[PDB]
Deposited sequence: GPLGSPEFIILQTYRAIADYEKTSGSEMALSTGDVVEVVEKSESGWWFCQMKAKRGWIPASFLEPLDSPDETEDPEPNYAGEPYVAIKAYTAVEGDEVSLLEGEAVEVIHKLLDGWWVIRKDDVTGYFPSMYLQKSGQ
């Protein structure tokens, strides 16, 4: 794109429905960043960034829907957590566990004695 740009920010005051592909829909109150102003009365804009933390598990790759560990890694709970779902594990602070799967969605598969199930990774620490 261009070498330099001063981006101006404006607010939509009415709803707008696209009538062609190169346009953008607007809802009243939408905050937009103006990229280019044409004397035709059309301005090329992008919706102002909307961001924040979300759960990885609520996401999937744009394309597509997509091993046993018999020797788990030693971890210890740093905060008590009571199981909500039936496949979760209740732990008190200080209780050591075997981490079977360090899953990326924040719910690891662990084992302690004769119990196994899911537990928040944020509440575990290497032992």
query: Sequence ranges absent from the coordinates, based on the deposited chain and numbered from 1; finding: 1-4, 71-75, 137-138
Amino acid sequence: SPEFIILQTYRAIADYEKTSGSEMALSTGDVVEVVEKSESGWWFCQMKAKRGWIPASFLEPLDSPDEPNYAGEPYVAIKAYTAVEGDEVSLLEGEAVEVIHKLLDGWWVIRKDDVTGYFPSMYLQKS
From here on, numbers count along this sequence of modelled residues.
property: Segment of higher mean CA temperature factor, 18-26 or 5-13; result: 5-13
property: CA B-factor placement of residue 64, once the chain's modelled residues are sorted into thirds; result: highest
property: Residue 74 - which third its CA temperature factor falls in, relative to the rest of the chain; result: highest
property: Position of residue 51 among the chain's modelled residues by C-alpha B-factor, lowest, middle or highest third; result: highest
property: Chain thirds of CA B-factor: placement of residue 101; result: middle
property: Entry-reported Cα temperature factor of residue 44, expressed as the chain third it lands in; result: lowest
